[PDB]
Every structure is written in structure tokens, then in C-alpha cells.
Amino acid sequence: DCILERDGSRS
Amino acid sequence: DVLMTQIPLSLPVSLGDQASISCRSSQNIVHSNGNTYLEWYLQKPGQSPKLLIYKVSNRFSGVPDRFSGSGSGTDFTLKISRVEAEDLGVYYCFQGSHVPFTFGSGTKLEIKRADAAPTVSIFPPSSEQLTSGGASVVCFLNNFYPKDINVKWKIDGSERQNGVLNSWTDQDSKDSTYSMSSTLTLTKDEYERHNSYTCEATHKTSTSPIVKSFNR
Amino acid sequence: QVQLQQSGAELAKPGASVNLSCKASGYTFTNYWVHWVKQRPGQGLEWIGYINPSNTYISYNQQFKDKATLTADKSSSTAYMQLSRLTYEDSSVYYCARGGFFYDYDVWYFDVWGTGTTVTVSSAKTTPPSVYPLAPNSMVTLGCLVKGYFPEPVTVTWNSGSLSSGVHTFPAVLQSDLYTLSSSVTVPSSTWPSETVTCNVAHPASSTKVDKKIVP
């Protein structure tokens, strides 16, 4: 899966 | 990086008055998901910071109505209505919108209040310390205002500047006073040679020093 | 029961490294970011970085990219920060903080803070404190003298935290490479010595706790 990061990455 | 400039660095306020603290970002702090992550934190002496306001103007759970946040673009403001003694500490703004996340330099909120004379207490070395071969004489000057105070030690009527170490508390969260501890450290040998030990405090509240003493 | 537990102190040598732990309990470790924050004594707050504990994604302040290394252990719900090539400028309090549930963008903020680890970079060894009772009107003041310890900090409570009113704990002073501090507590004169008063001193660097009853 994919998580929207606080820094704008998708992890 | 986003610089967060906080004004002022320290702010004295009377109980019941409004305090206002400003935080200016060197650029816009709207995150790419649309939120402005501007928070205000309060750090009281000895403690970790605690959240007061988030997303510019939202009060965090449990925070009193008298704290309000506002602003937009690059200028944000925290207002504390009806300041209370418990509001003391260092306030920080924070932007959580652009890495590296950054804090303002902090604003220390200080309370103005009525003058108070110190309560002075002197304590001889404990028997336990004497068994270890040292002798510390401790004097507490507690709950006074304003913060400036003078302490002098005398042994058999004679002043002793040497061997004295002093420490001041941060302003008290309940009564907005200050306190001070003074410790005279001697060898057990020198302590035993003399019998009278005196701690006296000079404060703005009185022309005459408050004097406490004991005889060994 | 949401908390982030950090050790009180780490003493480590110049030119070495140290691993700081931040143990999460009372919530799902893998659903929230853990951030690390530096606070130099007397100074502001500096954001170091964060880790996503579910997938180990790390975001660093470029200023710390060769100073800090973040990791997370899912099985023990513990986040770690290694500080390498230690210098005296790395001496500071370091906090971990929970900084956002992943899937609700409105609550990306630092709602839970660890209690902080005081890192001291020094080649000196650990020395635990000696704790001496200070025993001697409407009120009575008692105290504890906490002498000859290294490194910082020590924490002082009275009656295991149940006696919090009338307490002043003073900043330590450094003399001959060792710290000394004192704490006072003021209670009603009718109450002591009838209702016992004990000071509890923790020195996290030596993993020691001392409880000293104050006796007339």
C-alpha cells in the first residue's frame, strides 16, 4: 500500500 | 527553510490582562494537502511542550477558551485573554507544512504581581553528612517578588563570601513568586571550629534584612 | 494510556555514538509518525526528523543528515535515534513526539511528547548523589540536599508525587566537576512530623533512586 507522507512523499 | 520569527522574546503581563504573541513565517506555510499546519505550544519549566492551538486557530482538547489563535499568509498571532499565573512558560509557534519543520524562537511569558517578602529558613548540616566528613549549611529564601535579592552569610558575626553557592527558581506557576537557595559548604573540620551560622536576606520589601541563624 | 517512554539520561563520550530509545505504549505504533526534537539548555526547539514506523520511511532535517539515524522496531513498538560522532554541542535534551495519525490530515500535530532524554557528552564517569535530609509558626519548611552527582539531571518529588503544593526544586550548581541541588517543601506545622514527609530523588544516569524521610 501507499501512505501520503507529511513531507509530500508517497511511501 | 522557513524561518519562524517570534515577537517578543519575553513578555511581562499583569494578571487579568491580555497578552499577544506574534509569529511571522519567511514564506507561505500552506501544505500541499491544503492545510496550514501552524501550531502553538507551551512549555512550562521542567516539562515537555504541550499543544495549545493547531491549524492556526483550532483549540486543542482541554485548552481553555482564553487562548485563541489567528492569522493568515505569513503572520500568525496567539492571544491569551485574562492571563492567569498558570499560563507562565515559553510559547512556541511551529510550522509543520514544509520540511524541515521549524519552531519560532519562543516567547517567555512572565507575570507581574504585588511585592512579597521572602520566607527565610536556615538548616544545619545533617548528621548523615557530618558522618561523611562534609558540612553544608542551607538557606532557603522562598516566595518573594520581585526577583532581585541579596543573601549574606556570617560565621560568628563575620561575613563569609567564600564557599557559597546560589540557585534561583523559575517563576512559580501558582503565586508568580520567585525563590532562591543558598548553600554554604565547609569541611566538617571548619564547621566544628565555629558554633554560630547566619543567613540574612536583603530585599526591596524592607530596609532591614531578614535574618535567620542557629548555634551549633 | 498513551505514552512515549524515554530514558531520563544518557552519558556518552566525545567521538562516540549513543542510541536513544522511545518506547510507545497505549496506541498502535504503526499508525502514527514519531518525530525527534532537540532542545539545548536555555534554548529553543529544533526539529531533527521523523519516521513512519509501518514502512520505515524517514524524513530528515538536512542539518542532521550525518548526525542522526532513525530506526523503528515494530515488535517492541520502539523508535530509536542514533547520534554519532558526538561533540559537546550534542549535549541537550532530546524529545520524541507522536506527530500525526496517518489517515486524518487535520490532526497532524505533536499531541503526545516523550518526557525527554538528557544527553551529556563527557568523558567523566557517572556519580550518584548523596541525599541529605533538611529538618528544623503556622507553617514548617523541610528540604532535601542532593549533593555530588554527575551528570544531570536529578528529579525530586515528595511523598512519591502526592505532596506537590509548597514545593520548590532549585536548579543544580556545578562545583568541582559535580552537581548539587536542593528542594524545599512547606507544609502545615500541625501536620509534620505527624504525617510523614519523604523526598524521592531519581538520578537516571546511575539508575538510582533514593528515598529520604525527614525526621525532627
# chains A, B, ... in the order shown; residues from 1 in each chain; ligands from 1
$ interface_residues --of "chain A" --to "chain B" --cutoff "8 Å" --atoms "only C-alpha atoms" --output "MDAnalysis selection string"
chainID A and resid 6:8
$ residues_around --residues "stretch 33-43 of chain C" --least-positions-apart "6" --cutoff "7 Å" --atoms "only C-alpha atoms" --output "PyMOL selection string"
chain C and resi 49-53+92-101
$ write_last_selection --atoms "N, CA, C and O atoms" --output "PDB file, in the first residue's frame"
ATOM      1  N   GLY C  49      13.848  15.235  12.565  1.00  0.00           N
ATOM      2  CA  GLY C  49      13.323  14.319  11.564  1.00  0.00           C
ATOM      3  C   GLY C  49      12.152  13.514  12.066  1.00  0.00           C
ATOM      4  O   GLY C  49      11.774  13.615  13.254  1.00  0.00           O
ATOM      5  N   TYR C  50      11.569  12.710  11.170  1.00  0.00           N
ATOM      6  CA  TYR C  50      10.552  11.755  11.599  1.00  0.00           C
ATOM      7  C   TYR C  50      10.699  10.436  10.894  1.00  0.00           C
ATOM      8  O   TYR C  50      11.329  10.337   9.830  1.00  0.00           O
ATOM      9  N   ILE C  51      10.088   9.429  11.498  1.00  0.00           N
ATOM     10  CA  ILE C  51       9.998   8.104  10.894  1.00  0.00           C
ATOM     11  C   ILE C  51       8.527   7.656  10.869  1.00  0.00           C
ATOM     12  O   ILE C  51       7.750   7.920  11.805  1.00  0.00           O
ATOM     13  N   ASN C  52       8.167   7.028   9.768  1.00  0.00           N
ATOM     14  CA  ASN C  52       6.973   6.226   9.638  1.00  0.00           C
ATOM     15  C   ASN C  52       7.283   4.795  10.139  1.00  0.00           C
ATOM     16  O   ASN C  52       7.965   4.033   9.466  1.00  0.00           O
ATOM     17  N   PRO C  53       6.750   4.418  11.319  1.00  0.00           N
ATOM     18  CA  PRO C  53       7.092   3.084  11.832  1.00  0.00           C
ATOM     19  C   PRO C  53       6.500   1.914  11.051  1.00  0.00           C
ATOM     20  O   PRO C  53       6.971   0.799  11.222  1.00  0.00           O
ATOM     21  N   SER C  92      22.301  17.923  25.160  1.00  0.00           N
ATOM     22  CA  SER C  92      20.976  18.553  25.072  1.00  0.00           C
ATOM     23  C   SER C  92      19.926  17.600  25.583  1.00  0.00           C
ATOM     24  O   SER C  92      20.188  16.398  25.744  1.00  0.00           O
ATOM     25  N   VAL C  93      18.718  18.134  25.752  1.00  0.00           N
ATOM     26  CA  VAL C  93      17.537  17.304  25.893  1.00  0.00           C
ATOM     27  C   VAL C  93      17.016  16.946  24.504  1.00  0.00           C
ATOM     28  O   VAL C  93      16.893  17.814  23.637  1.00  0.00           O
ATOM     29  N   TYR C  94      16.719  15.676  24.287  1.00  0.00           N
ATOM     30  CA  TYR C  94      16.084  15.236  23.042  1.00  0.00           C
ATOM     31  C   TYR C  94      14.722  14.633  23.362  1.00  0.00           C
ATOM     32  O   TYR C  94      14.628  13.730  24.224  1.00  0.00           O
ATOM     33  N   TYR C  95      13.688  15.121  22.682  1.00  0.00           N
ATOM     34  CA  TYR C  95      12.309  14.578  22.847  1.00  0.00           C
ATOM     35  C   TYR C  95      11.963  13.751  21.638  1.00  0.00           C
ATOM     36  O   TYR C  95      12.367  14.096  20.511  1.00  0.00           O
ATOM     37  N   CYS C  96      11.225  12.661  21.858  1.00  0.00           N
ATOM     38  CA  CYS C  96      10.453  12.075  20.773  1.00  0.00           C
ATOM     39  C   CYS C  96       9.024  12.554  20.947  1.00  0.00           C
ATOM     40  O   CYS C  96       8.601  12.922  22.061  1.00  0.00           O
ATOM     41  N   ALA C  97       8.282  12.585  19.860  1.00  0.00           N
ATOM     42  CA  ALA C  97       6.895  13.050  19.926  1.00  0.00           C
ATOM     43  C   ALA C  97       6.054  12.358  18.876  1.00  0.00           C
ATOM     44  O   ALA C  97       6.533  12.112  17.751  1.00  0.00           O
ATOM     45  N   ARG C  98       4.805  12.067  19.227  1.00  0.00           N
ATOM     46  CA  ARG C  98       3.871  11.498  18.275  1.00  0.00           C
ATOM     47  C   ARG C  98       3.305  12.628  17.442  1.00  0.00           C
ATOM     48  O   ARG C  98       2.746  13.573  17.991  1.00  0.00           O
ATOM     49  N   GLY C  99       3.482  12.566  16.128  1.00  0.00           N
ATOM     50  CA  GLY C  99       3.227  13.717  15.303  1.00  0.00           C
ATOM     51  C   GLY C  99       2.407  13.388  14.093  1.00  0.00           C
ATOM     52  O   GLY C  99       2.831  13.657  12.949  1.00  0.00           O
ATOM     53  N   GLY C 100       1.238  12.805  14.356  1.00  0.00           N
ATOM     54  CA  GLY C 100       0.211  12.663  13.359  1.00  0.00           C
ATOM     55  C   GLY C 100      -0.231  11.235  13.130  1.00  0.00           C
ATOM     56  O   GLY C 100       0.567  10.388  12.761  1.00  0.00           O
ATOM     57  N   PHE C 101      -1.534  10.997  13.311  1.00  0.00           N
ATOM     58  CA  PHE C 101      -2.190   9.801  12.799  1.00  0.00           C
ATOM     59  C   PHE C 101      -2.173   9.917  11.279  1.00  0.00           C
ATOM     60  O   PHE C 101      -2.574  10.966  10.756  1.00  0.00           O
TER      61      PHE C 101
END
$ closest_atom_pairs --of "chain A" --to "chain C" --cutoff "8 Å" --atoms "only C-alpha atoms" --output "Markdown table"
| residue | atom | partner | partner_atom | distance |
| --- | --- | --- | --- | --- |
| A:3 | CA | C:102 | CA | 7.5 |
| A:4 | CA | C:102 | CA | 7.6 |
| A:5 | CA | C:102 | CA | 7.8 |
| A:7 | CA | C:59 | CA | 7.2 |
| A:11 | CA | C:57 | CA | 6.5 |
$ interface_residues --of "chain B" --to "chain C" --cutoff "6 Å" --atoms "only C-alpha atoms" --output "PyMOL selection string"
chain B and resi 100+105+167+169
$ residues_around --residues "stretch 176-180 of chain B" --least-positions-apart "3" --cutoff "9 Å" --atoms "only C-alpha atoms" --output "count of residues only"
30
$ residues_around --residues "residue C:4" --least-positions-apart "6" --cutoff "6 Å" --atoms "only C-alpha atoms" --output "MDAnalysis selection string"
chainID C and resid 22:24 114
$ write_last_selection --atoms "N, CA and C atoms" --output "PDB file, in the first residue's frame"
ATOM      1  N   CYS C  22      12.675   5.350  22.394  1.00  0.00           N
ATOM      2  CA  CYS C  22      11.386   5.967  22.607  1.00  0.00           C
ATOM      3  C   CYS C  22      10.331   4.875  22.475  1.00  0.00           C
ATOM      4  N   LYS C  23       9.860   4.391  23.618  1.00  0.00           N
ATOM      5  CA  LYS C  23       9.007   3.197  23.686  1.00  0.00           C
ATOM      6  C   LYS C  23       7.542   3.627  23.714  1.00  0.00           C
ATOM      7  N   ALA C  24       6.806   3.280  22.658  1.00  0.00           N
ATOM      8  CA  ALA C  24       5.377   3.617  22.545  1.00  0.00           C
ATOM      9  C   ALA C  24       4.484   2.585  23.236  1.00  0.00           C
ATOM     10  N   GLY C 114       7.288  12.516  24.528  1.00  0.00           N
ATOM     11  CA  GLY C 114       8.061  11.726  25.477  1.00  0.00           C
ATOM     12  C   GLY C 114       8.558  12.652  26.601  1.00  0.00           C
TER      13      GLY C 114
END
$ select_by_dssp --residues "chain C" --states "strand (DSSP E or B)" --output "CSV table (one decimal) with N, CA and C atoms, in the first residue's frame"
chain,number,residue,atom,x,y,z
C,3,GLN,N,1.5,6.8,25.8
C,3,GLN,CA,2.7,7.5,26.2
C,3,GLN,C,3.9,7.0,25.4
C,4,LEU,N,4.9,7.9,25.5
C,4,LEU,CA,6.2,7.6,24.8
C,4,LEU,C,7.2,7.7,25.9
C,5,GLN,N,7.8,6.6,26.2
C,5,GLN,CA,8.8,6.5,27.4
C,5,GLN,C,10.2,6.6,26.9
C,9,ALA,N,18.3,9.9,31.1
C,9,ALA,CA,19.6,10.4,30.8
C,9,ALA,C,20.5,9.4,30.0
C,10,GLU,N,21.4,9.9,29.2
C,10,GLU,CA,22.4,9.1,28.6
C,10,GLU,C,23.7,9.9,28.7
C,11,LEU,N,24.7,9.2,29.3
C,11,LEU,CA,26.1,9.8,29.3
C,11,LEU,C,26.8,9.0,28.3
C,12,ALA,N,27.5,9.7,27.3
C,12,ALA,CA,28.3,9.1,26.3
C,12,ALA,C,29.5,10.0,26.0
C,18,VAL,N,25.6,7.3,20.6
C,18,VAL,CA,24.6,6.9,21.5
C,18,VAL,C,23.3,6.6,20.8
C,19,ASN,N,22.6,5.6,21.3
C,19,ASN,CA,21.3,5.2,20.8
C,19,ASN,C,20.2,5.6,21.8
C,20,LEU,N,19.3,6.5,21.4
C,20,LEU,CA,18.2,7.0,22.3
C,20,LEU,C,16.9,6.1,21.9
C,21,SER,N,16.2,5.7,22.9
C,21,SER,CA,15.0,4.9,22.7
C,21,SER,C,13.8,5.6,23.1
C,22,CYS,N,12.7,5.4,22.4
C,22,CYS,CA,11.4,6.0,22.6
C,22,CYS,C,10.3,4.9,22.5
C,23,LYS,N,9.9,4.4,23.6
C,23,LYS,CA,9.0,3.2,23.7
C,23,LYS,C,7.5,3.6,23.7
C,24,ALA,N,6.8,3.3,22.7
C,24,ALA,CA,5.4,3.6,22.5
C,24,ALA,C,4.5,2.6,23.2
C,25,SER,N,3.5,3.0,24.0
C,25,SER,CA,2.5,2.2,24.5
C,25,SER,C,1.2,2.9,24.5
C,32,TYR,N,1.1,6.1,13.4
C,32,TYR,CA,1.4,7.5,13.6
C,32,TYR,C,2.9,7.7,13.5
C,33,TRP,N,3.3,8.9,13.0
C,33,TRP,CA,4.7,9.3,12.9
C,33,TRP,C,5.3,9.6,14.2
C,34,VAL,N,6.6,9.2,14.4
C,34,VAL,CA,7.3,9.6,15.5
C,34,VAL,C,8.4,10.6,15.1
C,35,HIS,N,8.5,11.7,15.7
C,35,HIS,CA,9.4,12.8,15.4
C,35,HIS,C,10.4,13.0,16.5
C,36,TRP,N,11.6,13.5,16.2
C,36,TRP,CA,12.6,13.8,17.3
C,36,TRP,C,12.9,15.3,17.2
C,37,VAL,N,13.1,15.9,18.4
C,37,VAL,CA,13.3,17.3,18.6
C,37,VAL,C,14.4,17.5,19.6
C,38,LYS,N,15.3,18.4,19.3
C,38,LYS,CA,16.5,18.8,20.1
C,38,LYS,C,16.2,20.1,20.9
C,39,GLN,N,16.5,20.1,22.2
C,39,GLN,CA,16.4,21.3,22.9
C,39,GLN,C,17.7,21.5,23.7
C,46,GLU,N,14.4,22.4,18.0
C,46,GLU,CA,14.9,22.1,16.7
C,46,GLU,C,14.5,20.8,16.2
C,47,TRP,N,13.7,20.7,15.1
C,47,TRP,CA,13.2,19.5,14.6
C,47,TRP,C,14.3,18.7,13.8
C,48,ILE,N,14.5,17.5,14.2
C,48,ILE,CA,15.5,16.6,13.6
C,48,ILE,C,15.0,15.8,12.4
C,49,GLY,N,13.8,15.2,12.6
C,49,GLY,CA,13.3,14.3,11.6
C,49,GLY,C,12.2,13.5,12.1
C,50,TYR,N,11.6,12.7,11.2
C,50,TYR,CA,10.6,11.8,11.6
C,50,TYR,C,10.7,10.4,10.9
C,51,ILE,N,10.1,9.4,11.5
C,51,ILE,CA,10.0,8.1,10.9
C,51,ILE,C,8.5,7.7,10.9
C,58,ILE,N,11.8,7.6,6.3
C,58,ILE,CA,12.4,8.6,7.1
C,58,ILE,C,12.5,9.9,6.4
C,59,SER,N,12.1,11.0,7.1
C,59,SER,CA,12.3,12.4,6.6
C,59,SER,C,13.3,13.1,7.6
C,60,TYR,N,14.4,13.6,7.1
C,60,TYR,CA,15.4,14.2,7.9
C,60,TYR,C,15.5,15.7,7.6
C,68,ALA,N,22.2,12.3,12.9
C,68,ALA,CA,21.2,11.4,13.4
C,68,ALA,C,20.8,10.3,12.4
C,69,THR,N,20.5,9.1,13.0
C,69,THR,CA,20.0,8.0,12.2
C,69,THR,C,18.7,7.4,13.0
C,70,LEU,N,17.6,7.4,12.3
C,70,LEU,CA,16.4,7.0,12.9
C,70,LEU,C,16.1,5.6,12.5
C,71,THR,N,15.6,4.8,13.4
C,71,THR,CA,15.1,3.4,13.1
C,71,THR,C,13.8,3.2,14.0
C,72,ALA,N,13.1,2.1,13.7
C,72,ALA,CA,11.9,1.8,14.5
C,72,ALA,C,11.8,0.2,14.5
C,73,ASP,N,11.5,-0.3,15.7
C,73,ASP,CA,11.3,-1.7,15.9
C,73,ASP,C,9.8,-2.0,16.1
C,78,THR,N,9.1,0.4,19.5
C,78,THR,CA,10.2,1.3,20.0
C,78,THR,C,10.8,2.0,18.8
C,79,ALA,N,10.9,3.3,18.9
C,79,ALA,CA,11.6,4.1,17.9
C,79,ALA,C,13.0,4.5,18.5
C,80,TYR,N,14.0,4.6,17.7
C,80,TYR,CA,15.4,4.9,18.1
C,80,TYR,C,16.0,6.0,17.3
C,81,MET,N,16.8,6.8,17.9
C,81,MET,CA,17.6,7.7,17.2
C,81,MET,C,19.1,7.6,17.7
C,82,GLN,N,20.0,7.3,16.7
C,82,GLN,CA,21.4,7.2,17.0
C,82,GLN,C,22.0,8.6,16.7
C,83,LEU,N,22.7,9.1,17.7
C,83,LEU,CA,23.6,10.3,17.4
C,83,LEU,C,25.0,9.8,17.4
C,92,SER,N,22.3,17.9,25.2
C,92,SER,CA,21.0,18.6,25.1
C,92,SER,C,19.9,17.6,25.6
C,93,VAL,N,18.7,18.1,25.8
C,93,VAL,CA,17.5,17.3,25.9
C,93,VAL,C,17.0,16.9,24.5
C,94,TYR,N,16.7,15.7,24.3
C,94,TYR,CA,16.1,15.2,23.0
C,94,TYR,C,14.7,14.6,23.4
C,95,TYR,N,13.7,15.1,22.7
C,95,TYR,CA,12.3,14.6,22.8
C,95,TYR,C,12.0,13.8,21.6
C,96,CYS,N,11.2,12.7,21.9
C,96,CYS,CA,10.5,12.1,20.8
C,96,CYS,C,9.0,12.6,20.9
C,97,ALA,N,8.3,12.6,19.9
C,97,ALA,CA,6.9,13.1,19.9
C,97,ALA,C,6.1,12.4,18.9
C,98,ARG,N,4.8,12.1,19.2
C,98,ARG,CA,3.9,11.5,18.3
C,98,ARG,C,3.3,12.6,17.4
C,99,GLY,N,3.5,12.6,16.1
C,99,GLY,CA,3.2,13.7,15.3
C,99,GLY,C,2.4,13.4,14.1
C,100,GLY,N,1.2,12.8,14.4
C,100,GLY,CA,0.2,12.7,13.4
C,100,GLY,C,-0.2,11.2,13.1
C,101,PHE,N,-1.5,11.0,13.3
C,101,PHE,CA,-2.2,9.8,12.8
C,101,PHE,C,-2.2,9.9,11.3
C,112,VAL,N,1.4,14.0,21.8
C,112,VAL,CA,1.9,13.3,22.9
C,112,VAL,C,3.5,13.4,22.8
C,113,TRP,N,4.1,13.9,23.8
C,113,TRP,CA,5.5,14.0,23.9
C,113,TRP,C,6.1,13.0,24.9
C,117,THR,N,15.1,12.9,26.9
C,117,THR,CA,16.3,12.3,27.4
C,117,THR,C,17.4,13.4,27.5
C,118,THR,N,18.0,13.6,28.7
C,118,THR,CA,19.2,14.5,28.8
C,118,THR,C,20.4,13.7,28.4
C,119,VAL,N,20.9,14.1,27.2
C,119,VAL,CA,22.2,13.5,26.7
C,119,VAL,C,23.3,14.5,27.2
C,120,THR,N,24.3,13.9,27.9
C,120,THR,CA,25.5,14.6,28.3
C,120,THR,C,26.7,13.9,27.6
C,121,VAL,N,27.4,14.7,26.8
C,121,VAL,CA,28.6,14.2,26.2
C,121,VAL,C,29.8,14.6,27.1
C,127,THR,N,28.4,9.6,38.7
C,127,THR,CA,28.5,9.6,40.1
C,127,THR,C,27.1,9.8,40.7
C,130,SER,N,24.6,12.0,46.9
C,130,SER,CA,24.3,11.8,48.3
C,130,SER,C,23.0,12.6,48.5
C,131,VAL,N,22.1,12.1,49.3
C,131,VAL,CA,20.9,12.8,49.6
C,131,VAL,C,20.8,13.0,51.1
C,132,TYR,N,20.7,14.3,51.6
C,132,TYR,CA,20.7,14.6,53.0
C,132,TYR,C,19.4,15.3,53.3
C,133,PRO,N,18.7,14.8,54.4
C,133,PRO,CA,17.5,15.4,54.9
C,133,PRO,C,17.8,16.8,55.5
C,134,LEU,N,16.9,17.7,55.3
C,134,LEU,CA,17.0,19.0,56.0
C,134,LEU,C,15.8,19.2,56.9
C,139,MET,N,3.5,27.5,59.6
C,139,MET,CA,3.9,26.6,58.6
C,139,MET,C,5.3,26.1,58.9
C,140,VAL,N,5.7,25.0,58.3
C,140,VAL,CA,7.1,24.5,58.5
C,140,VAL,C,7.7,24.1,57.2
C,141,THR,N,8.9,24.5,57.0
C,141,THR,CA,9.7,24.2,55.7
C,141,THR,C,10.7,23.1,56.0
C,142,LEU,N,10.7,22.1,55.1
C,142,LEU,CA,11.6,21.0,55.1
C,142,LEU,C,12.3,21.0,53.8
C,143,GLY,N,13.4,20.2,53.7
C,143,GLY,CA,14.1,20.1,52.5
C,143,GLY,C,15.0,18.9,52.3
C,144,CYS,N,15.5,18.7,51.1
C,144,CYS,CA,16.5,17.7,50.8
C,144,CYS,C,17.6,18.3,50.1
C,145,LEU,N,18.9,18.0,50.5
C,145,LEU,CA,20.1,18.4,49.8
C,145,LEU,C,20.6,17.2,49.0
C,146,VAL,N,20.8,17.5,47.7
C,146,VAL,CA,21.2,16.5,46.7
C,146,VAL,C,22.6,16.8,46.2
C,147,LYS,N,23.6,16.1,46.7
C,147,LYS,CA,25.0,16.6,46.6
C,147,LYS,C,25.9,15.6,45.9
C,148,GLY,N,26.7,16.2,45.0
C,148,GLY,CA,27.8,15.5,44.4
C,148,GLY,C,27.5,14.5,43.3
C,149,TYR,N,26.6,14.8,42.4
C,149,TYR,CA,26.2,13.9,41.3
C,149,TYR,C,26.7,14.4,39.9
C,150,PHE,N,26.8,13.4,39.0
C,150,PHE,CA,27.1,13.7,37.6
C,150,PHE,C,26.6,12.5,36.8
C,155,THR,N,15.7,14.2,39.4
C,155,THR,CA,14.3,14.7,39.6
C,155,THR,C,13.9,14.4,41.1
C,156,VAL,N,13.3,15.4,41.7
C,156,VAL,CA,12.9,15.3,43.1
C,156,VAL,C,11.4,15.4,43.2
C,157,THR,N,10.8,14.4,43.9
C,157,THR,CA,9.4,14.5,44.3
C,157,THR,C,9.3,14.4,45.8
C,158,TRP,N,8.1,14.7,46.3
C,158,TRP,CA,7.9,14.5,47.8
C,158,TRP,C,6.7,13.6,48.0
C,167,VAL,N,6.2,23.2,47.0
C,167,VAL,CA,7.5,22.6,46.7
C,167,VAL,C,8.2,23.6,45.8
C,168,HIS,N,9.5,23.7,46.1
C,168,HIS,CA,10.5,24.4,45.3
C,168,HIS,C,11.7,23.5,45.1
C,169,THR,N,12.0,23.2,43.8
C,169,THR,CA,13.2,22.4,43.5
C,169,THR,C,14.1,23.4,42.7
C,173,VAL,N,23.8,23.4,40.8
C,173,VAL,CA,25.0,24.2,40.5
C,173,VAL,C,26.2,23.3,40.4
C,174,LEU,N,27.1,23.6,39.6
C,174,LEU,CA,28.3,22.8,39.3
C,174,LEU,C,29.4,23.3,40.1
C,175,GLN,N,30.1,22.4,40.8
C,175,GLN,CA,31.3,22.8,41.6
C,175,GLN,C,32.2,21.6,41.7
C,178,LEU,N,31.1,18.4,39.8
C,178,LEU,CA,29.9,17.7,40.3
C,178,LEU,C,28.8,18.6,40.6
C,179,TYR,N,27.6,18.1,40.5
C,179,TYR,CA,26.4,19.0,40.7
C,179,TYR,C,25.8,18.8,42.1
C,180,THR,N,25.2,19.9,42.5
C,180,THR,CA,24.4,19.9,43.8
C,180,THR,C,23.1,20.7,43.6
C,181,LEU,N,22.0,20.2,44.1
C,181,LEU,CA,20.8,20.9,44.2
C,181,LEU,C,20.1,20.7,45.5
C,182,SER,N,19.0,21.4,45.7
C,182,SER,CA,18.2,21.3,46.9
C,182,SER,C,16.7,21.4,46.5
C,183,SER,N,15.9,20.9,47.4
C,183,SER,CA,14.4,21.1,47.2
C,183,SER,C,13.9,21.4,48.6
C,184,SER,N,12.9,22.3,48.6
C,184,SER,CA,12.2,22.6,49.8
C,184,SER,C,10.7,22.3,49.6
C,185,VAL,N,10.1,22.0,50.8
C,185,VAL,CA,8.6,21.8,50.8
C,185,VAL,C,8.1,22.4,52.1
C,186,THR,N,7.0,23.1,52.0
C,186,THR,CA,6.4,23.8,53.1
C,186,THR,C,5.1,23.2,53.3
C,187,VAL,N,4.8,22.8,54.6
C,187,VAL,CA,3.5,22.1,55.0
C,187,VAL,C,3.0,22.8,56.3
C,188,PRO,N,1.7,22.4,56.6
C,188,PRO,CA,1.2,23.0,57.9
C,188,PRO,C,1.9,22.4,59.1
C,198,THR,N,8.7,12.6,52.9
C,198,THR,CA,9.9,11.9,52.3
C,198,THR,C,10.2,12.6,51.0
C,199,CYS,N,11.5,12.8,50.7
C,199,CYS,CA,11.8,13.3,49.4
C,199,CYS,C,12.4,12.1,48.6
C,200,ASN,N,12.0,12.0,47.4
C,200,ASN,CA,12.3,10.9,46.5
C,200,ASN,C,13.2,11.5,45.4
C,201,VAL,N,14.4,11.1,45.3
C,201,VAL,CA,15.4,11.6,44.3
C,201,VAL,C,15.8,10.6,43.3
C,202,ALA,N,15.6,10.9,42.0
C,202,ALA,CA,16.0,9.9,41.0
C,202,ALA,C,17.2,10.6,40.2
C,203,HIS,N,18.2,9.7,40.0
C,203,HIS,CA,19.3,10.1,39.2
C,203,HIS,C,19.4,9.1,38.0
C,208,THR,N,19.6,5.2,39.8
C,208,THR,CA,19.4,5.1,41.2
C,208,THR,C,18.3,6.0,41.7
C,209,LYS,N,17.6,5.5,42.7
C,209,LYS,CA,16.5,6.3,43.3
C,209,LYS,C,16.8,6.2,44.8
C,210,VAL,N,16.7,7.4,45.5
C,210,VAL,CA,16.9,7.5,46.9
C,210,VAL,C,15.6,8.1,47.6
C,211,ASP,N,15.2,7.5,48.7
C,211,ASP,CA,14.0,8.0,49.4
C,211,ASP,C,14.5,8.4,50.8
C,212,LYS,N,14.4,9.6,51.2
C,212,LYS,CA,14.9,10.0,52.5
C,212,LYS,C,13.8,10.6,53.3
C,213,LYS,N,13.4,10.0,54.4
C,213,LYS,CA,12.4,10.5,55.3
C,213,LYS,C,13.0,11.7,56.0
$ atom_distance --atom1 "atom CA of residue B:63" --atom2 "atom CA of residue B:45"
18.3 Å
$ select_by_dssp --residues "chain C" --states "helix (DSSP H, G or I)" --output "list in words"
residues 29, 30, 31, 62, 63, 64, 88, 89, 90, 105, 106, 107, 159, 160, 161, 204, 205 and 206 of chain C
$ residues_around --residues "residue B:191" --least-positions-apart "2" --cutoff "10 Å" --atoms "only C-alpha atoms" --output "list in words"
residues 125, 130, 134, 135, 136, 137, 155, 185, 186, 187, 188, 189, 193, 194, 195, 196, 197 and 216 of chain B
$ residues_around --residues "residue B:81" --least-positions-apart "4" --cutoff "8 Å" --atoms "only C-alpha atoms" --output "list in words"
residues 16, 17, 18, 19, 66 and 67 of chain B
$ atom_distance --atom1 "atom CA of residue C:88" --atom2 "atom CA of residue C:152"
14.2 Å
$ residues_around --residues "residue B:11" --least-positions-apart "3" --cutoff "8 Å" --atoms "only C-alpha atoms" --output "list in words"
residues 8, 107, 108, 109 and 110 of chain B
$ atom_distance --atom1 "atom CA of residue B:59" --atom2 "atom CA of residue A:10"
29.3 Å
